[PDB]
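Just below is one structure, and these are the notes that go with it.
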Amino acid sequence: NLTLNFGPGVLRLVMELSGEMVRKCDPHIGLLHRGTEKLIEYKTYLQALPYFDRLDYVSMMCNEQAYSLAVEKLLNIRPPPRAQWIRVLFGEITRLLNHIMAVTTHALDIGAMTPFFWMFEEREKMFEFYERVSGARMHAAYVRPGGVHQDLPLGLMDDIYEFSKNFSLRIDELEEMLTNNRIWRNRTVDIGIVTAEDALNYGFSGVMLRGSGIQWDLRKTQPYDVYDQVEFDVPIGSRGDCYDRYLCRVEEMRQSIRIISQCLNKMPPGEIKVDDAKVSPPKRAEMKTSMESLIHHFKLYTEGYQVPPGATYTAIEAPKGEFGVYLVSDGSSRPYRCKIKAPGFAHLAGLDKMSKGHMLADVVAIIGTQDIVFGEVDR
Amino acid sequence: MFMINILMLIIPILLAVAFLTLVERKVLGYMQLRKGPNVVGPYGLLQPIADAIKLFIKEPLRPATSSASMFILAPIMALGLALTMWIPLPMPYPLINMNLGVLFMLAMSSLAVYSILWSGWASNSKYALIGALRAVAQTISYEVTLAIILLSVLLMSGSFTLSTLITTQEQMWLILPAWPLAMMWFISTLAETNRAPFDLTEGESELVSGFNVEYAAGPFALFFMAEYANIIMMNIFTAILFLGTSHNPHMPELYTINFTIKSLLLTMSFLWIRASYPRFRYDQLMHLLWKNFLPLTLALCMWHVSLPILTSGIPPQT
Amino acid sequence: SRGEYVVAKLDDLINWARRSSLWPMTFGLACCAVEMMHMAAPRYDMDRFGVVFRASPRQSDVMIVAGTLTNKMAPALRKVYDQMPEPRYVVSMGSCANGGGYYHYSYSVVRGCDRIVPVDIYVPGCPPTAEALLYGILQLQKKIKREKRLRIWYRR
Amino acid sequence: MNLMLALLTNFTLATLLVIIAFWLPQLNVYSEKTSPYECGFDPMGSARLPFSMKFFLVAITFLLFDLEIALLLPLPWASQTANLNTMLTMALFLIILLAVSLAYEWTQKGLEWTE
Amino acid sequence: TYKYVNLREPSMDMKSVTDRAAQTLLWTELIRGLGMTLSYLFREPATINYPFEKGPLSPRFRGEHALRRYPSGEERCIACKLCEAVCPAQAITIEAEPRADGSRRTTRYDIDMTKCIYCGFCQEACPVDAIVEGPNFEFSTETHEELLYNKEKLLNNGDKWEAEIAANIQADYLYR
Amino acid sequence: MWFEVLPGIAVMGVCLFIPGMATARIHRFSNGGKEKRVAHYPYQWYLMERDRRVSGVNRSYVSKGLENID
Amino acid sequence: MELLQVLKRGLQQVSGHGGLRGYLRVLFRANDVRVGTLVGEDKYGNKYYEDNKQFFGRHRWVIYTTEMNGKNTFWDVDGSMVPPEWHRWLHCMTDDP
Ligand SMILES: CCCCCCCCCCCCCCCCCC(=O)OC[C@H](COP(=O)([O-])OCC[N+](C)(C)C)OC(=O)CCCCCCCCCCCCCCCCC
Ligand code: SF4
Ligand code: SF4
Ligand code: SF4
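Okay, here's the thing in structure tokens:
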């Protein structure tokens, strides 16, 4: 056949085309492989936290949450209730950040450019929530083993309410442009069909499973933090194609607003990190007056806290699918091994199967529907 | 005085094309909640001039293994034909008053497909030859419906003279009797000019390069002028064809103002559509032409051949 | 007149043209591409400075290297740079492209894209805010406004 | 005359812009430049594009359809005849055979793009 | 609890079939998409007039680094090297020795602003609020060497941004 | 705001208006203030050539009326 | 009547900048002719304006000085010319000038 080299995240496709049809798709990854998993072995558990902001750099605080849940599990400590509600609050804001990127850059790739600009004026307002809690628009490093770094600034919850009060209308404007559009439907309907059994055997997760009717979501089957105290519905597809997965992501954005409306009303008072100075650093006003607090501030920031020896696989329902870390501890301050299970790694491996009997222009649609970011695929 | 007339046509066209790039970036800007160029000159008015100077003082890269003769011929053919199609247009008085003006427009339009073909050949790339073949197949497919649609409308006008379409619409726009034909004509002029949602080559950026991806600097600018000169001309053709303006021989400037407004709005409709829709897959825009547009165009050609005869409304030959 | 006057004004004309029509080809490699997409978003709207959202390599004036540059990707970044018509400028965005960043000591990372291509402006941050990147582009316009290509040619 | 001057002016202006588009700018050429763009990676084969049969059939289908349009062009002048019944029958016969030609390719999978 | 996104049976009465035929032939739902972009053309754009207008930030913003002083002018840093231990990117290099008056002070304090990930761990670790990340984010350079800060550059930033760094710390230290 | 797009549109509109006005006013300047004769068919050309021989001067747009007949 | 009040606001921006020269000056230096309330002026010549009816992000702006530290800044304005005391207010890190 004809062998082409498409590409310049950055990807390289070695495709074999019989005219307009795709005969085999051979993704070449590692263009953004950086040795994150090897570098983490030279860092303390706190120093390794910013590495997870940079794996899936559209869902920063969900990557932080998964790592914190893993370290908290090996530590055998529990974050306080207010911190958990904050993590769910910003986990769902992070879901909106990712789904806007997934839906709108997917639409941009297939020629629909306008919705990208509308919804990136809402991302620019959600980046202000990130910046007001952590000081960084994207790589907050706000979620940490033990809870969150700082408490919410006064007035932030009023601004989260004003934003969420108008976001439903913005999703409707998006749907008015895509959902019933015949050109958009022709590019997504019956494209990249995945059967339920193939989806499971190929290791898919997230909307890839749910687009094909599989009723699975870790926020409901294996809840973490306070997701079992929030009411929301899990969208389920029927055809298993790109269009059904597109609707699942758009409906999930509406359910995040539903959850966010509850984290604002049910936010409890209290502290925002575990009241255990051998894990979480003391307050600065007590590190400067108490001898115990100064010793623990000194040790937590130089040596770090020791994690009991053990190995855990901890996973969360990240916006892109099941995100998990297999974290191995040897009893010291530094992880012995940290395998990062990126949901897009298994999805991309299934591009060759999902692209059988499709045109070259459907590969763009298929890659968009898998919601692939090569920071987490390559690591 | 005739050589003055030619320049009074060519130069304003190249200025209209220049400031269509500004309007496209500002109409798309505001439809996307932003402003577009407003820094280079007041309200961006100097932006086309900066882009023009920039392009013509940049390296005009030509790959060493490219056929030089065809690499140079293609932009000359494209722009030369782009300006040629403007000479018979009755705005309200043609520069060259042709008896077969409509057929001249079709004849020159079908020659412009060569520039796409020659440019693809000259690249010696094969990342652009496939693009050229895809682009050429699209263009020739959609000039089948342009000819048959245009033939159907001329059966209510009587002749191929472009000025006779003014007389035909002296009582009513041809869009009412022929709105089914006008709809497909508008889409067919979008696909001929490779405008969204039919831009599989120019800016698809979906594992498909454009036939002029290898052009840079001035030669790229010339292709751009030809492409944008055709967008205005096709929309001016649509205004004359379906939105005829009344012509007062004593105040001909009244026609030009009204006809200029309609052409601008139709041109701004091209910009409106690019901001609103995704793009057809290549095999879908062929099915649009061969399976949807062509069957309907043929039926409406049969209907418009027999409608004048059965209503005793055959137009005069002169 | 003096000759130097005509050349001085012609420099301003071509300097003004080149900085008012900067067409960037963005190498979105890692997270820093997201902050580059927020500069194209409505709030900052780089298109209003004459800076188009995206351009193909053959019509691009500046290359924005936005993200970690790995050894595997290094040959491909040089190839795209070599094929950019001149004048060509390179903006290094973020720590990873600037000097290696978080992954400086990695076995698979180019410790700064200035090892592969010349760089005209370095934008610091991890990531730089969309406004800090727009400050770099505006800082590249002033650099081009200081060029004296013709004044130097006139004195050869 | 007026037409020849117009064509000469249009195509001379295009040629002038091309020459000043190749001589005005400052050039600098080297082997890494002046190579096909590809996508940043080296070519994967020294062979030309494979021949695709489907792209050949659209060109032929356009040609045969374009030839039948040539016969339909004189219809506006044909409607002025005194033998309208004969003219109308032959006008509809030509268009119907054009549709029958379309129906044949459609049902024989001639308009598809799936290999 | 789950919900179906695309599980519907279109009605097959002539009223509904003719509605879908009208949509297919009259392009009704495509023109509805043109009305959504027409509305935006008549809204106020969200663009700001940078550099004359600036995007909003908070007191917690992490920008360019700076070394601070006490009100007397003595350097706050006492060369404890906590910021150097916690720095996840190893961007801080410190050398110290007793000063002529016997105090514990640095002789080298370099931040490689090209290794730094602007994470803020250095100002969290610091026990005397010496090293901070200021509010400046507009310090792009023309060379790689201008971004290898030494102690003189960092002390110049502190004396340059103290008026604004002090105010930001005053507005956020109760959350720390 | 949206009306800041009009200055670019007005410049484009004026450019599209010049070709139509110039042709209209050049023809009248070159044809004695009237519309340029349209000769699509030989009969229309025959009369125009006849008007060129009847004007005394070699110009088909100079009209001779009843004052030229006695 | 409302459309007639639009042209009046557009005419009082010319008078609000001190005639046609002041109007054209800010139009070509700042690409914007809005009139705000003068909040203050710094020792380098920058003038700071506010207009609280504008949407958040455009309700504060600075018209840069035409000369600073010996550099002609009439055309070459830069965001780093804002001193720290006004850098906090102009970026909305505080409500107190
Ligand atoms: C008694 C008198 C009898 C006289 C005859 C009566 C005629 C009755 C009416 C005839 C039917 C109407 C035909 C309308 C044209 C058919 C279009 C068509 O084929 O649709 C199907 C096609 C295909 O639809 P599909 O994708 O759903 O597929 C249909 C067929 N299947 C499902 C089997 C595959 O749709 C399109 O045309 C796509 C449109 C894309 C264009 C996007 C831009 C639109 C923006 C609006 C522009 C408005 C233009 C206005 C221009 C004005 C200029 C002056
Ligand atoms: S500099 Fe920071 S934001 Fe940019 S690619 Fe590197 S880690 Fe990501
Ligand atoms: S911000 Fe983080 S990476 Fe930068 S110097 Fe401080 S601790 Fe190191
Ligand atoms: S800056 Fe602070 S943490 Fe770093 S050495 Fe000085 S006192 Fe210690």
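These protein sequence lines map, in sequence, to chains D, H, B, A, I, a and q. Numbering-wise, the first sequence is residues 46 to 53, 60 to 430 according to the deposited numbering. Numbering-wise, the second sequence is residues 1 to 318 according to the deposited numbering. Numbering-wise, the third sequence is residues 24 to 179 according to the deposited numbering. Numbering-wise, the fourth sequence is residues 1 to 115 according to the deposited numbering. Numbering-wise, the fifth sequence is residues 1 to 176 according to the deposited numbering. Numbering-wise, the sixth sequence is residues 1 to 70 according to the deposited numbering. Numbering-wise, the seventh sequence is residues 1 to 97 according to the deposited numbering. Every residue, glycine too, gets a C-beta built ideally from N, C-alpha and C.
Cβ-Cβ distances below 8 angstroms link H:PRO308 to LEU155, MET156, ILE314, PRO315 in the same chain, with the five nearest sequence neighbours on each side left out; the list follows chain order. The nearest non-hydrogen atom of ligand 1 is less than 7 angstroms from the C-beta of H:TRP303. Residue D:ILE423 holds the alpha-carbon nearest to the alpha-carbon of D:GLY257 among D:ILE423, D:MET72, D:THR363.
Taking the CA atoms as reference points, H:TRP173 sits about 10 angstroms from H:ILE166. Residue-level contact check: D:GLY186 touches chain I, since one or more beta carbons of chain I fall below 8 angstroms from its beta carbon. Using beta-carbon distances, q:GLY19 does not count as an interface residue toward chain B, since no partner is under 8 angstroms. Taking 8 angstroms as the Cβ-Cβ cut-off, the stretch 258-291 of chain H approaches chain I at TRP272, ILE273, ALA275, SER276, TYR277, given in chain order.
In this structure, H:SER205 is the residue among H:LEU176, H:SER205, H:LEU266 with its C-alpha nearest to the C-alpha of D:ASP413.
As summarised for the stretch 273-317 of chain D, the continuous alpha helix (DSSP H) elements at least 4 residues long and confined to that stretch are 293-316, given in chain order. The residues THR363, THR365, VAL376, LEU378, in chain order, have a CB closer than 7 angstroms to that of D:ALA121 in the same chain once the five nearest residues on each side in sequence are set aside.
At least 8 angstroms separates the beta-carbon of A:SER101 from that of A:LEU63. Residue-level contact by beta carbon holds for I:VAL5 and chain D, with a gap shorter than 8 angstroms. The three-state secondary structure of D:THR363, taken from DSSP, is strand. By a beta-carbon distance limit of 8 angstroms, H:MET225 contacts H:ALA82. Their separation comes to about 7 angstroms. D:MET304 has its Cβ no nearer than 7 angstroms to any heavy atom of ligand 1.
By the beta-carbon neighbour count (other beta carbons within 10 angstroms, threshold 16), B:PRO141 is exposed. Close partners of D:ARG85 in chain B (Cβ separation under 7 angstroms): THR91, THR93, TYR126, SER129, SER131, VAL132. Ordered along the chain, residues surrounding ligand 4 are I:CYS77, I:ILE78, I:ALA79, I:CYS80, I:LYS81, I:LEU82, I:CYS83, I:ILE94, I:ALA125, I:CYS126, I:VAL128, I:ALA130, I:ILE131 [Cβ under 6 angstroms from any heavy atom]. With a cutoff of 7 angstroms, I:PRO88 does not count as near ligand 2, since its C-beta is closer than that to no heavy atom of the ligand.
Partner residues in a beta bridge of q:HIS17, as assigned by DSSP, do not exist.
Residue pairing by DSSP places I:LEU148 opposite I:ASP112 in a beta bridge.
For D:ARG74, the enclosing beta strand (DSSP E) stretches over residues 72-79. Taking 7 angstroms as the cut-off, one finds no heavy atom of ligand 1 near enough to the beta carbon of H:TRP290. Counting C-beta pairs with one atom in each stretch, the stretch 31-43 of chain A and the stretch 54-64 of chain H have three or more that are closer than 8 angstroms, which means they touch. Judged by DSSP in its simplified three-state form, q:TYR49 adopts strand. The beta-carbon separation of B:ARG111 and B:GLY123, rounded to 23 angstroms, does not stay under the 8 angstroms limit for a contact.
In the structure shown, the three-state DSSP call for D:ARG270 is helix. Contact between D:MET208 and D:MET318 holds, with the beta-carbon distance rounding to 7 angstroms and staying under 8 angstroms. Using a Cβ distance threshold of 8 angstroms, a:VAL5 and H:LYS26 count as a contacting pair. For the pair D:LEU126 and D:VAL277, the CB atoms are not nearer than the 8 angstroms cut-off.
In the structure shown, the three-state DSSP call for a:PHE29 is helix. Boundaries of the beta strand (DSSP E) harbouring D:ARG63: 63-69, taken from the DSSP string.
In this structure, D:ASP268 and D:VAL285 form a Cβ contact; the two beta carbons are roughly 5 angstroms apart against a cut-off of 8 angstroms.
By the C-beta density criterion, D:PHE214 is buried, having at least 16 other C-beta atoms within 10 angstroms.
DSSP places B:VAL88 within a strand segment (E or B) once states are collapsed to three. Proximity of the stretch 6-16 of chain H to the stretch 293-304 of chain D falls short of the contact definition, fewer than three beta-carbon pairs being nearer than 8 angstroms.
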